[PDB]
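Report on the structure given below.
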């Protein structure tokens, strides 16, 4: 029955290759559905008469160009990036004060449309296109590289979805075009993570530099050996992610990845960074269909950049400042923005050094706080007094300017899109070593210090920040940057430093904070804003599914929320988030 | 040709990093506004500097070619599920063809201003198809080996822009799509009068530039690339727009109309040249993936409904009574009364047709007055023998009909593979009939014969494209000789013509609303006159346009302010469009 059905599907004249491969894979995965799958395939065949402009001969965007589009969308999609400014950067307590960040994430405002942005953007565009391109190139010896790269990036995009929402479509995602199935079930997160390891393992073993050239790669320019390092490093990320919920599997998967073909990312020259270019910052209509620039950087600059810049949260600024971290004023500056352009961070007046010379206190925003509440004590700026002689609109008394802001280096359209770094690999190795897994002979303390060093150099290499010297590094690492002398101290140190590193990777930052428990963040209620937390006191640990799904993918959604006790609650812990 | 302009053009032709469509756009902007030469030159240099190695980012991998951009634009026209909501929400209520469905009554039927619902054509076209078409047009412009795809793109650009301006009025056109091309994300809103001037010029030039010995058009879902039929479409659009402006500028309208009839290729004279976008059968879904799938007719999906059991497409009384009371043979081709208790959620299968039962028992049909919900007012029902027998074997079936006595849109119009109507030969006949009544020099056929030909073509249009039962010659003759007749005075003839065009445009809600507004026919009354005045939060008169997205006020403020100043300082959906005059 199964073999008869496969032959008939191979011989349907009007299916395209990705449709055929999808049906054949579904036959393998679920042989009982042979009769059903065969009938759906015939229906699809009958509906697609010859010479299909009306389908596929149009926007015959090839698999490599889907890779390009998917990489661009990851940080280039201006509608999707709103989720990070609204929610993630507040939940990780790194930014606070901008109206958007304080209102939504800082004060626990449930807003289903704002929460839906990752779901909507990926399942309508890049994850759907990657899945179609993966099936187009599947089981084809002459395309194993583009196929493997697509499989790796499919896993990466899916990891953002499941780490945001929990159970979600994966195995059945994208099957409307491929099989006429528009109502995908939500795979269990545990099964999704199982599939991650299997996919990454297989992709690593199918890559073969003698086969097809990967032409649309904005991360590694087609270097498939680096793609194996990325895949194996992602296995380490996902192995560490499940280390609380399934310690035994976690250790096995972590050790398997270290021994796999290609190795992992051991050095910054194999960092996985999406390349973006310089385009104008616009919030007009046409900008929402241009993914060529980093739109996260655009948003952190702001649609209201003079009055709602990216102010830093006190949790993050004080960690940096009070520890003597050399990145404190690489990541943040105090600026007077009275002469700043409306569309770019030009003509800002850096008052950071003046504040330091005069001993003025920096006033970062507590979780829950707006820039105007509490209103900070300022000071008289000599720099701005001198500016005011030829620029009469300039004031010389600073007020909210003493609230640290994201530095200009992180407000550039050509800022990279961070996927994964060697610094993270070090931190994952350091934590695997503290947990006593078999990961080599290198000590956890040497790996930690290598990670901190890599994370500092990361800002110098990719964002133009001032270098840190060996002596500056040694002063920091030998004092408040030190590793610690208990296991809990060492885990705190490692994951407090990963948190700093992941500032430019908000999806991973939020995942590792929730997974590791570090740093130990307090609810805005503890800072006095508890009366404002309409969506509950505790910092949300996931986001809710779109209302759309509850009405138009009802059976699948109902299955998912019944696994959580019958409700879709953003205080409900994800499967891998355990004590 | 002015000193600053020519110096700037030369420097731009020399900038090494602009691609071809970017260079052509800057050149065209210099022609259109020579005073901006210094500005344009500076934005060109900025753009050049930002594109050093570029290529892959720019275009060179994701290179959807110009023919594919045509296909995508045609698919989006009716396949974009988010955009099609605007027609069910507003147009079909404003034209009083559908009423009763919650969406149609709440938004259009009760004049609810909702920015997000009004924005859908604006956002869909300016982020996707109009932007893509403009970029493809510039990429193929002034190139002798691509004059056919270029001319087709210019024609479809005009068509998409005509939907936008007939919806919102003044709108970006000449400066639209220049974010990628020039770094210009703040386009001015061209005056509608100027937009319509550019329509006639563009369509004329496109018709004259087409040359069958040059490039093959390969992604065309309307005519499979037949460039002579594209000329007929372009010339028929010239007739449409000529008649559109026949009240505001009668002299230009007459000249443009007569010119189009004599242009190369002629107009659409026969149904075999009807301009119809081909859609395929896909499943009806409102899930995530369905919103990026343009292969099916999403208007038909919406008229079936996201809530099809409780909110199907109920007919408005103005439309149903026009059909029923005139003896129109299409009355029960366009509408039926259906019991939907056993109907699937994703397809109109297994409906119980109770129309004949209602007629045999003398049950009054209860179509929805403007303003009414299916449940308000509640209709007079009856005991169905058909459903009583069904209910013995299916306890979920009701034997008592209630809102089932309200006529619904027939299944023929609820199919994924319904065509996307751009323009028909039947409309050309109605335009010819009206141009003859106005005494223009358009041929030797009498206005009455042209009218009768339009009515015949509009009826056969349903047979040919929607599988409706054919109408016989005898049925046609009985209709046309009685209540379907042409009339004796000019006003009677204009009323008959545009009342019949209104019926024809049922499956073309953009054109339907435009011609109702332009012609004044049929004479529609506000929902206030049917007793729903207290619900008309957006004002008592039927809106005559839709408002701009509010975010244009934040991110395109200068241009938006210029446009609303021409309406007195406010974005007024009671403010008549330039071509809508007494």
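FYI the Cβ positions are ideal-geometry reconstructions off the backbone, even for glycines, and counts take in every protein chain you see. Since every read-out is calculated from the coordinates, none of them should be taken as a lab result.
Details
- Residues of region B:72-92 that turn out to be crowded, with 24+ Cβ neighbours inside 10 Å, more than 15 Å from residue B:509 (Cα to Cα) and either away from chain A (no Cβ under 13 Å) or more than 13 Å from the chain's Cα centre (by Cα) (or both), as a count: 2
- Checked against the criterion of being more than 28 Å from residue B:540 (Cβ to Cβ) and either away from chain A (no Cβ under 14 Å) or in contact with a strand residue (DSSP E or B) (Cβ under 7 Å, 6 or more places away or on another chain) (or both), region B:63-70 has no qualifying residue.
- When restricted to residues that are buried (at least 23 other Cβ atoms within 10 Å of the Cβ) and closer than 29 Å to residue B:392 by Cα, region B:309-337 contains 5.
Here is a yes/no grid of residues against (1) buried (at least 18 other Cβ atoms within 10 Å of the Cβ); (2) within 14 Å of chain B (Cβ to nearest Cβ); (3) within 38 Å of the chain's Cα centre (by Cα):
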{"site": "A:2", "(1), (2), (3)": "no, no, no"}
{"site": "A:11", "(1), (2), (3)": "no, no, no"}
{"site": "A:15", "(1), (2), (3)": "yes, yes, yes"}
{"site": "A:35", "(1), (2), (3)": "no, no, no"}
{"site": "A:49", "(1), (2), (3)": "no, yes, no"}
{"site": "A:61", "(1), (2), (3)": "yes, yes, yes"}
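Residues are listed down the side, and each one gets a yes or a no for (1) out of contact with any helix residue (DSSP H, G or I) (no Cβ under 6 Å at 6 or more places or on another chain); (2) under 22 Å from residue B:142 (Cβ atoms); (3) more than 14 Å from chain A (Cβ to nearest Cβ); (4) buried (at least 20 other Cβ atoms within 10 Å of the Cβ):
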| residue | (1), (2), (3), (4) |
| --- | --- |
| B:194 | yes, no, yes, no |
| B:199 | no, yes, yes, yes |
| B:219 | no, yes, no, yes |
| B:223 | no, no, no, no |
| B:227 | no, yes, yes, yes |
| B:231 | no, yes, yes, yes |
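- Residue within region A:235-247 that is free of Cβ contacts under 8 Å to residues at least 40 places away in the same chain, within 14 Å of chain B (Cβ to nearest Cβ) and buried (at least 22 other Cβ atoms within 10 Å of the Cβ) present: no
- Residue A:279 satisfies every condition listed in (1) assigned to a loop (DSSP other than H, G, I, E, B); (2) crowded, with 24+ Cβ neighbours inside 10 Å; (3) away from chain B (no Cβ under 14 Å) except (3).
- Of everything in region A:159-192 that is in a helix (DSSP H, G or I) and within 14 Å of another protein chain (Cβ to nearest Cβ), the residue that is farthest from the chain's Cα centre (by Cα) is A:179.
- Candidates in region A:345-387 are the residues that are assigned to a loop (DSSP other than H, G, I, E, B) and touching a residue at least 60 places away in the same chain (Cβ under 8 Å); of these, the one that is nearest to residue A:532 (Cα to Cα) is A:368.
- For residue B:53: the one exception among (1) surrounded by fewer than 23 Cβ atoms within 10 Å (Cβ to Cβ); (2) within 13 Å of another protein chain (Cβ to nearest Cβ); (3) touching a residue at least 12 places away in the same chain (Cβ under 8 Å); (4) over 25 Å from residue B:314 (Cα atoms): (3)
- Number of positions in region A:37-47 that are touching a helix residue (DSSP H, G or I) at 6+ places or on another chain (Cβ under 6 Å) and facing chain B (nearest Cβ under 8 Å): 0
- Considering the conditions (1) crowded, with 16+ Cβ neighbours inside 10 Å; (2) away from chain B (no Cβ under 13 Å); (3) touching a strand residue (DSSP E or B) at 6+ places or on another chain (Cβ under 8 Å); (4) in a loop (DSSP other than H, G, I, E, B), residue A:340 is excluded by exactly one of them, (3).
- Residue within region B:17-27 that is part of a helix (DSSP H, G or I), crowded, with 20+ Cβ neighbours inside 10 Å and under 29 Å from the mean Cα position of the chain (by Cα) present: yes
- Evaluation of residue A:495 against (1) away from chain B (no Cβ under 14 Å); (2) in contact with a helix residue (DSSP H, G or I) (Cβ under 6 Å, 6 or more places away or on another chain); (3) buried (at least 19 other Cβ atoms within 10 Å of the Cβ); (4) over 24 Å from residue A:310 (Cβ atoms) (one fails), failing number: (4)
- Residues satisfying the stated conditions in region B:545-570, i.e. in contact (Cβ under 8 Å) with a residue 60 or more places away in the chain and surrounded by fewer than 16 Cβ atoms within 10 Å (Cβ to Cβ): B:550, B:558, B:562, B:566
- For region A:525-536, the count of residues that are buried (at least 22 other Cβ atoms within 10 Å of the Cβ) and in contact (Cβ under 8 Å) with a residue 12 or more places away in the chain is zero.
- Among residues of region A:114-154 being within 10 Å of another protein chain (Cβ to nearest Cβ) and under 20 Å from residue A:541 (Cβ atoms), the one that is surrounded by the most Cβ atoms within 10 Å (Cβ to Cβ) is A:119.
- Condition met for residue A:172 (without any contact (Cβ under 8 Å) to a residue 40 or more places away in the chain, closer than 23 Å to residue A:291 by Cβ and surrounded by fewer than 24 Cβ atoms within 10 Å (Cβ to Cβ)): no
- Here residue A:203 meets the list (1) part of a loop (DSSP other than H, G, I, E, B); (2) touching a helix residue (DSSP H, G or I) at 6+ places or on another chain (Cβ under 6 Å); (3) away from chain B (no Cβ under 14 Å) almost entirely, failing just condition (1).
- Considering residues of region B:22-33 that are in contact with a helix residue (DSSP H, G or I) (Cβ under 7 Å, 6 or more places away or on another chain) and more than 14 Å from every other protein chain (Cβ to nearest Cβ) only, the residue farthest from residue B:139 (Cα to Cα): B:30
- Residue list for region B:258-272, restricted to those being part of a loop (DSSP other than H, G, I, E, B) and either over 12 Å from residue B:230 (Cβ atoms) or out of contact with any strand residue (DSSP E or B) (no Cβ under 7 Å at 6 or more places or on another chain) (or both): B:262, B:263, B:264, B:265, B:266, B:267, B:269, B:270
- Of the residues in region B:532-544, at least one is in a loop (DSSP other than H, G, I, E, B) and at positive phi.
- Every condition in (1) over 18 Å from the mean Cα position of the chain (by Cα); (2) closer than 17 Å to residue A:168 by Cβ is met by residue A:488 except one, and the failing one is (2).
- Looking at B:287, B:296, just one residue is free of Cβ contacts under 8 Å to residues at least 60 places away in the same chain and part of a loop (DSSP other than H, G, I, E, B), and that residue is B:287.
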